[PDB]
Structures are given as structure tokens and as C-alpha cells.
Amino acid sequence: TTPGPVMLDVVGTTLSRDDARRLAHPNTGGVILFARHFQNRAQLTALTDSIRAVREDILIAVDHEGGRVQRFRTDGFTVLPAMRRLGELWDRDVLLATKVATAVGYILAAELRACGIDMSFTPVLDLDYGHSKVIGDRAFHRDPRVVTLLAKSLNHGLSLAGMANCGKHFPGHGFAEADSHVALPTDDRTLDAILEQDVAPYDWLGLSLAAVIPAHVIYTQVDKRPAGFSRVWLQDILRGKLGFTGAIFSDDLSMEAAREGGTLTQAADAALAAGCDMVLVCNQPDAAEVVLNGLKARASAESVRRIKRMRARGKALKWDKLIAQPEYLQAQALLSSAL
Ligand SMILES: CC(=O)N[C@H]1CNC[C@H](O)[C@@H](O)[C@@H]1O
């Protein structure tokens with residue numbers, strides 16, 4: 001089988017029949033995991049094994065950014081710094097910050113792969129304007145050039161463990177005031193101002209950028225539709241102007257900002273019509289199931305190529321080997337000392 005366009009979640013720490021029904025649905029492409037899905041490493045590994053036993057082509061992801069966004073923080077998962085801490089380190093020693101960024105990405109990726117997870121929805125490329133509380137310390141730095149090179153260094157670390165990446169929230173959640181979880185944010189700048197600064201890391205990363213999540217933010221001088229529902233942002237700018245060929249994942253359609261798109265099924269249709277390859281529907285698996293069964297038909301072949309490319313590459317070390325690996329051990333020591 002081949003992956004569908006919907007990324008949803010499972011009900012708990014072990015798979016239920018309802019989960020297995022949803023996982024088997026042709027429109028399912030992925031699972032996103034949250035803190036409630038984690039008791040310990042052994043339980044998590046068994047959960048991801050069982051998910052792949054139902055659907056072998058499934059993508060498994062998690063939000064592991066560090067700082068305030070890190071779902072697994074116990075039983076041996078390394079608590080990672082907020083990305084803002086890396087920008088602060090850069091302001092003292094640029095080269096060391098890049099070295100530390102790579103170590104963070106390697107630890108991050110290697111620990112997740114040891115538990116059977118394909119990817120993390122990282123890095124945040126939002127610029128640290130200071131305007132956005134929802135982003136806040138999740139942003140690397142104010143300067144798009146600095147964001148770019150730190151994110152690139154992080155992504156390199158991810159790649160060393162065979163893990164891809166996902167830049168977010170395109171074209172930038174950093175300038176807008178409001179929190180898209182609970183309201184619909186706006187950004188009234190010109191297209192050109194947005195392109196010159198907030199979009200610049202997406203453009204400069206080139207092949208070091210594997211995927212994008214777009215913001216549920218309305219950029220009122222560019223398009224009346226939030227970015228994740230906007231063909232202007234997703235096709236004209238991202239695919240067109242930037243020539244990006246990686247996967248586009250919608251931000252979570254359960255977020256309040258996304259009700260600007262309609263019922264869940266209507267919003268999903270709109271995100272995919274706009275240019276998302278996958279849509280996230282989090283924290284309401286039965287509503288996700290209505291989406292799975294109601295989605296309007298579309299061409300998906302181009303999307304499927306991109307989705308398959310998000311699967312982790314090559315073999316991962318299990319925990320019992322990772323814990324003795326000098327590279328892993330070295331990275332741990334560097335993170336400890338440098339911050
Ligand atoms: C704007 C914002 O913080 N969105 C987050 C929440 N929605 C879906 C995922 O959990 C995560 O990757 C997103 O970054």
C-alpha cells in the first residue's frame with residue numbers, strides 16, 4: 001500500500017481496534033505522537049512496531065523541537081534546549097553554536113529512531129521578532145541569516161541519523177501577535193517584506209530543507225486565505241518562486257485558526273487543493289475518521305513521492321547500541337558543557 005494524505009493520532013499507549021481501522025484506511029498517511037502516547041521507551045517502541053504492523057508504509061512523527069515543545073522528556077530522552085538558547089550561544093561564538101546545533105540534531109534524531117519514529121516537526125524557522133508568544137523561545141534568532149545557518153546545522157545532525165526535517169511555520173509565524181491554536185492571527189506586511197526576511201531561510205536552505213508546515217496565519221496584503229489554505233503561498237511562492245520540491249504538511253486542522261477553512265473535511269480539502277501533500281488532524285481521531293472517509297478525490301502521485309521521502313533512511317541503532325556509541329556520548333558531553 002501507499003500513503004494517504006491524512007496524519008492523525010492513536011488513542012493511547014497501545015493500539016486499539018479503532019486505531020487499527022483508521023490506520024488501514026487508504027487516506028491515512030501518518031501518525032503524530034504526543035506526550036500521552038509515551039510511558040517509557042519499551043512501551044513506545046512496542047507502540048510504533050504495532051503501528052507499522054498495521055500499515056507498513058506509514059509515516060510516524062512527533063513534535064521534538066526542544067525547550068517548551070518536546071513530547072518525550074523522560075526514560076532516557078535528552079531534554080533539549082529551547083532553540084533560542086542556540087541563537088544566544090551564536091551571539092557569543094558562531095562556530096561553536098553550529099557545532100552544538102549539529103549535536104542537538106543528532107541526539108534528537110538518534111533517540112527518536114531508536115524508538116521507531118521517522119521524523120520530528122523541527123526546525124522552527126520563524127524569526128524571533130519577539131511579537132509572537134506562541135513561538136517565543138522556539139525561534140532560533142532574529143536574523144534570518146542566523147536562523148538559516150543554525151537550522152542548517154541542526155538539520156545536518158538530523159541527517160546523520162538518517163532523519164529528515166520540517167521547517168515551520170511558512171511563510172512566518174514570528175511577526176503576528178496572536179496564537180493560531182486559539183485565534184486567527186494576521187500579518188499585514190507587504191509580500192516583499194515577508195519574502196526578504198521571514199521566507200529567506202526557506203529559500204537559502206536549498207536541499208537542506210526537506211519539508212514545510214505552513215502557518216494558519218492570514219497575510220492580508222498577499223491573500224485573504226490563511227497560508228495553509230492559500231494556493232498563492234503554497235504554489236505561487238513556495239513551489240513557484242522558491243522551486244521547493246519537499247513535502248508540505250498542513251498545521252493541525254483542529255487549531256482554531258483553521259476553522260477559517262470550514263468543517264474539518266472542508267478545511268482538509270482546501271489545504272490539499274492549496275498545495276499541502278498531507279494534512280494533520282490532531283486530538284480528535286473520530287473526527288479525523290470523518291475526514292478520511294469524506295475527502296474529495298484529487299491527484300496524489302506527486303504528493304506520494306514527497307511523503308515517501310520523509311521516511312527515515314537506513315538502519316537505526318537501537319537503544320542498547322546507541323547508549324554506548326562514542327558519537328552519541330560526545331554529543332551529550334558537548335551539549336552539557338556548551339549551554
Ligand atoms: C503554530 C504552532 O505552534 N503549531 C504547532 C501545533 N500544531 C501541530 C504540531 O503539533 C506542531 O508542529 C505545530 O508546530
# chains A, B, ... in the order shown; residues from 1 in each chain; ligands from 1
call {"tool": "residues_around", "arguments": {"residues": "range 273-286 of chain A", "least_positions_apart": "4", "cutoff": "7 Å", "atoms": "only C-alpha atoms", "output": "PyMOL selection string"}}
result
chain A and resi 5-10+229-231+234-235+247-254+268-269+290+303
call {"tool": "write_last_selection", "arguments": {"atoms": "N, CA and C atoms", "output": "tab-separated table (two decimals), in the first residue's frame"}}
result
chain	number	residue	atom	x	y	z
A	5	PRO	N	-3.17	11.07	2.41
A	5	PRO	CA	-2.87	12.44	2.81
A	5	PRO	C	-3.13	12.81	4.27
A	6	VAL	N	-3.67	11.92	5.10
A	6	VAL	CA	-4.03	12.33	6.47
A	6	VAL	C	-3.04	11.79	7.51
A	7	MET	N	-2.53	12.71	8.33
A	7	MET	CA	-1.79	12.36	9.53
A	7	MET	C	-2.68	12.58	10.74
A	8	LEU	N	-2.93	11.52	11.49
A	8	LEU	CA	-3.78	11.57	12.64
A	8	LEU	C	-3.05	10.99	13.85
A	9	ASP	N	-3.74	10.82	14.97
A	9	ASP	CA	-3.11	10.19	16.13
A	9	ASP	C	-3.88	8.98	16.60
A	10	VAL	N	-3.24	8.20	17.47
A	10	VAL	CA	-3.85	6.98	18.00
A	10	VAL	C	-4.42	7.26	19.39
A	229	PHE	N	-4.14	27.29	3.59
A	229	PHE	CA	-5.24	27.16	2.62
A	229	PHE	C	-5.04	28.01	1.38
A	230	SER	N	-3.83	28.51	1.16
A	230	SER	CA	-3.55	29.50	0.14
A	230	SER	C	-2.69	28.95	-0.97
A	231	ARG	N	-3.27	28.87	-2.15
A	231	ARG	CA	-2.53	28.48	-3.33
A	231	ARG	C	-1.45	29.52	-3.65
A	234	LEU	N	1.42	28.53	-1.13
A	234	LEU	CA	1.93	27.18	-1.25
A	234	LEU	C	2.40	26.84	-2.64
A	235	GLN	N	1.69	27.34	-3.64
A	235	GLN	CA	2.10	27.08	-5.02
A	235	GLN	C	2.88	28.25	-5.61
A	247	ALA	N	8.00	17.86	0.95
A	247	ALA	CA	6.63	17.66	1.39
A	247	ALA	C	6.08	18.92	2.08
A	248	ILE	N	4.80	19.23	1.86
A	248	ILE	CA	4.09	20.21	2.65
A	248	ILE	C	3.01	19.54	3.52
A	249	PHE	N	3.15	19.73	4.83
A	249	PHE	CA	2.20	19.22	5.81
A	249	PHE	C	1.38	20.38	6.33
A	250	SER	N	0.05	20.30	6.34
A	250	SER	CA	-0.70	21.39	6.96
A	250	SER	C	-0.39	21.46	8.46
A	251	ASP	N	-0.50	22.64	9.08
A	251	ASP	CA	-0.54	22.65	10.53
A	251	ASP	C	-1.88	22.04	10.91
A	252	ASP	N	-2.00	21.67	12.17
A	252	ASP	CA	-3.13	20.93	12.71
A	252	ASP	C	-4.46	21.63	12.38
A	253	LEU	N	-5.32	20.93	11.67
A	253	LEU	CA	-6.61	21.47	11.29
A	253	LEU	C	-7.58	21.60	12.46
A	254	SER	N	-7.24	21.00	13.60
A	254	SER	CA	-8.04	21.17	14.81
A	254	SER	C	-7.84	22.52	15.50
A	268	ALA	N	-9.66	20.32	5.17
A	268	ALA	CA	-8.69	19.37	4.63
A	268	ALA	C	-8.66	19.42	3.11
A	269	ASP	N	-9.84	19.41	2.50
A	269	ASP	CA	-9.93	19.56	1.05
A	269	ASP	C	-9.23	20.84	0.61
A	290	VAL	N	-13.88	10.93	10.03
A	290	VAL	CA	-14.86	11.53	9.14
A	290	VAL	C	-14.10	12.16	7.97
A	303	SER	N	2.37	14.13	-4.62
A	303	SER	CA	2.39	14.15	-3.15
A	303	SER	C	2.99	12.87	-2.56
call {"tool": "residues_around", "arguments": {"residues": "residue 72 in chain A", "least_positions_apart": "4", "cutoff": "12 Å", "atoms": "only C-alpha atoms", "output": "MDAnalysis selection string"}}
result
chainID A and resid 33:41 44 62:68 76:80 108 111:112 115 117 120
call {"tool": "residues_near_ligand", "arguments": {"ligand": "ligand 1", "cutoff": "8 Å", "atoms": "only C-alpha atoms and all ligand atoms", "output": "short mmCIF file (atom, residue, chain, number, x, y, z; two decimals) with N, CA, C and O atoms, in the first residue's frame"}}
result
data_model
loop_
_atom_site.label_atom_id
_atom_site.label_comp_id
_atom_site.auth_asym_id
_atom_site.auth_seq_id
_atom_site.Cartn_x
_atom_site.Cartn_y
_atom_site.Cartn_z
N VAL A 62 6.59 13.27 15.42
CA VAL A 62 6.42 13.84 16.74
C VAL A 62 6.97 15.27 16.70
O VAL A 62 7.81 15.59 15.86
N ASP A 63 6.45 16.14 17.56
CA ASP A 63 7.00 17.47 17.76
C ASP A 63 8.13 17.40 18.79
O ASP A 63 7.89 17.49 20.00
N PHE A 121 8.90 17.27 13.70
CA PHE A 121 8.50 18.51 13.07
C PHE A 121 9.35 19.66 13.60
O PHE A 121 8.94 20.44 14.46
N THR A 122 10.58 19.70 13.10
CA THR A 122 11.58 20.70 13.50
C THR A 122 12.43 20.88 12.24
O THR A 122 12.59 19.93 11.49
N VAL A 124 11.85 25.10 13.65
CA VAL A 124 11.15 26.36 13.58
C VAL A 124 12.07 27.37 12.85
O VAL A 124 13.19 27.65 13.27
N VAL A 134 3.27 32.49 21.04
CA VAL A 134 3.17 31.06 20.70
C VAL A 134 4.51 30.51 20.18
O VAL A 134 4.86 29.38 20.50
N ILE A 135 5.24 31.31 19.40
CA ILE A 135 6.59 30.95 19.02
C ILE A 135 7.57 31.21 20.16
O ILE A 135 8.19 30.25 20.68
N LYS A 168 9.14 25.39 9.72
CA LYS A 168 7.81 25.90 10.03
C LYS A 168 7.93 27.24 10.73
O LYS A 168 9.00 27.56 11.28
N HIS A 169 6.88 28.07 10.73
CA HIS A 169 5.60 27.87 10.06
C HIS A 169 5.52 28.86 8.89
O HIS A 169 5.35 30.07 9.08
N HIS A 173 5.51 32.73 11.25
CA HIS A 173 4.58 32.97 12.34
C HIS A 173 5.17 33.98 13.35
O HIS A 173 4.54 34.32 14.34
N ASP A 179 -2.07 33.74 18.73
CA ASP A 179 -1.76 32.33 18.80
C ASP A 179 -2.76 31.57 17.95
O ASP A 179 -3.96 31.57 18.24
N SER A 180 -2.26 30.88 16.92
CA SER A 180 -3.14 30.21 15.98
C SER A 180 -3.86 28.99 16.57
O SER A 180 -4.79 28.44 15.95
N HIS A 181 -3.45 28.56 17.77
CA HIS A 181 -4.18 27.47 18.44
C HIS A 181 -5.56 27.92 18.83
O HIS A 181 -6.48 27.12 18.86
N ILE A 213 5.83 23.01 7.17
CA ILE A 213 4.45 23.23 7.66
C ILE A 213 4.12 24.69 7.47
O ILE A 213 4.90 25.53 7.91
N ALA A 215 1.87 28.20 8.21
CA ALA A 215 1.16 28.84 9.32
C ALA A 215 -0.32 29.00 9.00
O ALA A 215 -0.68 29.21 7.83
N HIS A 216 -1.15 28.91 10.03
CA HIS A 216 -2.56 29.27 9.90
C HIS A 216 -2.65 30.75 10.19
O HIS A 216 -3.25 31.15 11.20
N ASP A 251 -0.50 22.64 9.08
CA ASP A 251 -0.54 22.65 10.53
C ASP A 251 -1.88 22.04 10.91
O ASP A 251 -2.76 21.87 10.06
N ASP A 252 -2.00 21.67 12.17
CA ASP A 252 -3.13 20.93 12.71
C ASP A 252 -4.46 21.63 12.38
O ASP A 252 -4.71 22.78 12.76
N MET A 255 -6.76 23.21 15.19
CA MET A 255 -6.48 24.52 15.75
C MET A 255 -7.55 25.53 15.33
O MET A 255 -8.08 25.48 14.23
N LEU A 280 -2.62 17.45 8.84
CA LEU A 280 -2.65 16.98 10.22
C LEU A 280 -4.03 17.19 10.83
O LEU A 280 -4.58 18.30 10.77
N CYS A 282 -5.23 16.54 14.62
CA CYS A 282 -4.77 16.09 15.92
C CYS A 282 -5.84 16.11 16.98
O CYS A 282 -6.72 16.97 16.99
#
call {"tool": "closest_residue", "arguments": {"among": "A:166, A:171, A:309, A:104", "to": "residue 336 in chain A", "atoms": "only C-alpha atoms"}}
result
A:104
call {"tool": "closest_residue", "arguments": {"among": "A:289, A:18, A:75, A:196", "to": "residue 145 in chain A", "atoms": "only C-alpha atoms"}}
result
A:196
call {"tool": "select_by_dssp", "arguments": {"residues": "range 96-261 of chain A", "states": "helix (DSSP H, G or I)", "output": "ChimeraX atom specification"}}
result
/A:96-114,136-138,144-160,191-196,200-208,227-229,231-241,256-261
call {"tool": "closest_atom_pairs", "arguments": {"of": "range 200-284 of chain A", "to": "range 147-153 of chain A", "cutoff": "9 Å", "atoms": "only C-alpha atoms", "output": "CSV"}}
result
residue,atom,partner,partner_atom,distance
A:200,CA,A:148,CA,8.1
A:201,CA,A:148,CA,4.9
A:202,CA,A:148,CA,8.0
A:204,CA,A:148,CA,7.0
A:205,CA,A:148,CA,6.5
A:208,CA,A:152,CA,6.3
A:209,CA,A:152,CA,7.9
call {"tool": "decode", "arguments": {"residues": "range 27-51 of chain A", "atoms": "N, CA, C and O atoms", "output": "compact mmCIF listing (two decimals), in the first residue's frame"}}
result
# COMPACT_ATOMS: atom_id res chain seq x y z
N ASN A 27 -6.70 6.64 2.96
CA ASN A 27 -6.35 8.05 3.09
C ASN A 27 -5.45 8.38 4.29
O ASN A 27 -5.04 9.52 4.44
N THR A 28 -5.14 7.39 5.12
CA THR A 28 -4.14 7.55 6.18
C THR A 28 -2.72 7.48 5.63
O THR A 28 -2.37 6.54 4.91
N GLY A 29 -1.91 8.48 5.98
CA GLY A 29 -0.51 8.51 5.61
C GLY A 29 0.45 8.57 6.77
O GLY A 29 1.63 8.28 6.62
N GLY A 30 -0.04 8.93 7.95
CA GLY A 30 0.86 9.14 9.06
C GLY A 30 0.20 9.16 10.43
O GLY A 30 -1.03 9.27 10.58
N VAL A 31 1.07 9.06 11.43
CA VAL A 31 0.68 9.17 12.83
C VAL A 31 1.57 10.24 13.45
O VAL A 31 2.77 10.25 13.24
N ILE A 32 0.97 11.17 14.18
CA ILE A 32 1.72 12.08 15.02
C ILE A 32 1.50 11.65 16.48
O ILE A 32 0.39 11.34 16.87
N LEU A 33 2.58 11.62 17.25
CA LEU A 33 2.56 11.18 18.66
C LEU A 33 2.65 12.42 19.56
O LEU A 33 3.31 13.40 19.22
N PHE A 34 2.04 12.34 20.74
CA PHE A 34 2.01 13.41 21.74
C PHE A 34 2.43 12.80 23.07
O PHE A 34 2.65 11.59 23.15
N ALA A 35 2.59 13.63 24.09
CA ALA A 35 3.05 13.17 25.41
C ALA A 35 2.24 11.99 25.97
O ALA A 35 2.82 11.06 26.55
N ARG A 36 0.92 11.98 25.74
CA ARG A 36 0.06 10.91 26.26
C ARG A 36 0.35 9.55 25.65
O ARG A 36 -0.09 8.53 26.16
N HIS A 37 1.08 9.52 24.54
CA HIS A 37 1.45 8.27 23.90
C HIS A 37 2.71 7.66 24.44
O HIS A 37 3.14 6.63 23.95
N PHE A 38 3.30 8.31 25.45
CA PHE A 38 4.60 7.91 25.99
C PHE A 38 4.55 7.58 27.48
O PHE A 38 4.21 8.42 28.29
N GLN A 39 4.89 6.35 27.81
CA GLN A 39 5.10 5.95 29.20
C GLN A 39 6.58 5.71 29.41
O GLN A 39 7.16 6.22 30.34
N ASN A 40 7.17 4.88 28.56
CA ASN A 40 8.61 4.71 28.56
C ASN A 40 9.09 4.18 27.23
O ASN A 40 8.28 3.93 26.34
N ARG A 41 10.41 4.03 27.07
CA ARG A 41 10.96 3.63 25.77
C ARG A 41 10.46 2.28 25.29
O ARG A 41 10.13 2.11 24.12
N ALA A 42 10.39 1.29 26.17
CA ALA A 42 9.94 -0.02 25.76
C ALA A 42 8.50 0.04 25.29
O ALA A 42 8.15 -0.57 24.31
N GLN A 43 7.65 0.78 25.99
CA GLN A 43 6.26 0.88 25.60
C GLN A 43 6.16 1.60 24.26
O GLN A 43 5.37 1.22 23.42
N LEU A 44 6.97 2.63 24.06
CA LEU A 44 6.89 3.43 22.85
C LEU A 44 7.31 2.65 21.64
O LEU A 44 6.65 2.73 20.59
N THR A 45 8.43 1.94 21.76
CA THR A 45 8.92 1.07 20.69
C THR A 45 7.88 0.01 20.33
O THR A 45 7.68 -0.30 19.16
N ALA A 46 7.20 -0.54 21.33
CA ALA A 46 6.16 -1.53 21.03
C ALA A 46 5.00 -0.89 20.30
O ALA A 46 4.43 -1.47 19.38
N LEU A 47 4.66 0.34 20.69
CA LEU A 47 3.59 1.07 20.02
C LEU A 47 3.94 1.34 18.55
O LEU A 47 3.13 1.08 17.65
N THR A 48 5.15 1.83 18.27
CA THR A 48 5.50 2.12 16.89
C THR A 48 5.64 0.86 16.04
O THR A 48 5.26 0.87 14.88
N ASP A 49 6.15 -0.22 16.63
CA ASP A 49 6.17 -1.51 15.94
C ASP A 49 4.75 -1.92 15.52
O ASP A 49 4.54 -2.37 14.40
N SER A 50 3.78 -1.74 16.42
CA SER A 50 2.42 -2.19 16.18
C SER A 50 1.73 -1.32 15.13
O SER A 50 0.93 -1.81 14.33
N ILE A 51 2.04 -0.03 15.13
CA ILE A 51 1.53 0.89 14.13
C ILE A 51 2.00 0.45 12.74
O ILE A 51 1.19 0.29 11.84
